[PDB]
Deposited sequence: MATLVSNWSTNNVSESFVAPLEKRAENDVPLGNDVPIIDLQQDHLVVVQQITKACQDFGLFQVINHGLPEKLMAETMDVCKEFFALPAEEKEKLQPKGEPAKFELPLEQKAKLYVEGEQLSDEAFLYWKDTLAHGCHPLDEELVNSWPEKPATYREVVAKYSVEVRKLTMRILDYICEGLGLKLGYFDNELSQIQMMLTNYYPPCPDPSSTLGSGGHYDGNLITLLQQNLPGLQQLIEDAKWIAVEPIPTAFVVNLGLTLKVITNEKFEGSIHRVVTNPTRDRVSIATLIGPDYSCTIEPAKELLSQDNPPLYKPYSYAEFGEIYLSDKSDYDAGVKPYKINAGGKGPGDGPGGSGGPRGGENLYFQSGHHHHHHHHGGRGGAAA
């Protein structure tokens, strides 16, 4: 492969990462309190779990994966229409909600073996959807329905989390969940998987992420890496760095990466929900005491975002400047 994609030695993936047998798989059609308790335990101990019987239509999950795969099968001439000034966009602020193709990497500078389609999804209006891909013809109809359903499920999970923490229901149903970025990630086959990464190890910087996958490649850091079993009808829930801060580290964030495959391509669909760039992030005051003093000072989400997107020297580089006590 091109030297551009060669990861530094220490960041390269080992060839035989074991299945995470202890990744919680949570049935949302259990009794209400059982769901609250199992979600709370997974958030406290792991920061990554799967949800099944989650109420989002399996047909809609299949139709969305279909139209996302159809998008990445489009010819160059169509994909150029989402490359500002002839090039993929960068994950840097301002992060606009109009649809673009994105390149990603670390600055021993290297690129991730990944093409990403990203756009905002909330609130859904004519202007936003008109900024989405024109092809395939059904993308806008399908992804509009998908985005509304994934948000519905994410807000249910956040309210289970509220009940587990002892926060009032709807605590996150405000500026803290105003941004909904849908990242469709395309990992083409890689001739040298031993040297490349689909994505380096990271927390998602936002509040919470729901991830739809049907093929292997997602791994979690627990410093042992484990493989997250693809369940095509499930969502992987990744707790974000923002939720780690707001819970005053009562909850773990998900540190995850994606490895490349030499033979087959992979598409994943990540719905990243989190604060507006104008938000102030701090540990929830309702949970603080002399026994539980704040571990972070209040900070600008915009200021955090700039560091999070640029500085990859450590997983929590984004929040290091705001650590106290």
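Review point. So which bits of the deposited chain never got modelled?
Key: Model skips 1 to 12, 120 to 122, 238 to 239, 343 to 385 of the deposited chain.
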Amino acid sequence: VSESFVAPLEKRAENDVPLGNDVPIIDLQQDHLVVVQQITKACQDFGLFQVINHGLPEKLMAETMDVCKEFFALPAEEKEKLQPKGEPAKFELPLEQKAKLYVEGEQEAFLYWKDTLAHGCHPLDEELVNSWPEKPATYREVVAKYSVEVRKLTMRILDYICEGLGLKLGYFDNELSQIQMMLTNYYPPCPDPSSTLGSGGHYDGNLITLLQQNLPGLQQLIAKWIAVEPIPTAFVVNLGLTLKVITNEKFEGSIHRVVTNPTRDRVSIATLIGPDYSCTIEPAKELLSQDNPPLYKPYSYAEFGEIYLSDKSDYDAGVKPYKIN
From here on, numbers count along this sequence of modelled residues.
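**Study point:** Between 127 to 135 and 227 to 235 (mean CA B-factor, as deposited), the higher
**Key:** It is 127 to 135.
Exercise for review: State which stretch shows the higher mean Cα B factor in the entry: 298 to 306 or 10 to 18.
Suggested key: Stretch with the higher mean C-alpha B-factor: 10 to 18.
Check your understanding: At the C-alpha atoms, which of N174, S147, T154, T247 reaches the highest B-factor in this entry?
Key -> Of the options given, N174 has the highest CA B-factor in the PDB entry.
Check your understanding: Which listed residue, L207, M182, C190, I255, has the largest C-alpha temperature factor in the record?
Key -> Answer for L207, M182, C190, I255: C190, with the highest C-alpha B-factor.
Check your understanding: Considering only modelled residues of the same chain, in which third does the CA B-factor of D27 rank: lowest, middle or highest?
Key -> It belongs to the lowest third of the chain when residues are ordered by C-alpha B-factor.
Exercise for review: Quick one: classify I273 as lowest, middle or highest third of the chain based on its Cα B-factor.
Suggested key: It belongs to the lowest third of the chain when residues are ordered by C-alpha B-factor.
**Study point:** Lowest, middle or highest third - CA B-factor, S194
**Key:** For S194, whose C-alpha B-factor we compare with every modelled residue in the chain, the answer is the highest third.
**Study point:** Record-listed C-alpha B factor of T242: chain third
**Key:** Lowest third.
Check your understanding: With respect to C-alpha B-factor, does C68 fall in the lowest, middle or highest third of the chain as deposited?
Key -> CA B-factor rank for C68: lowest third.
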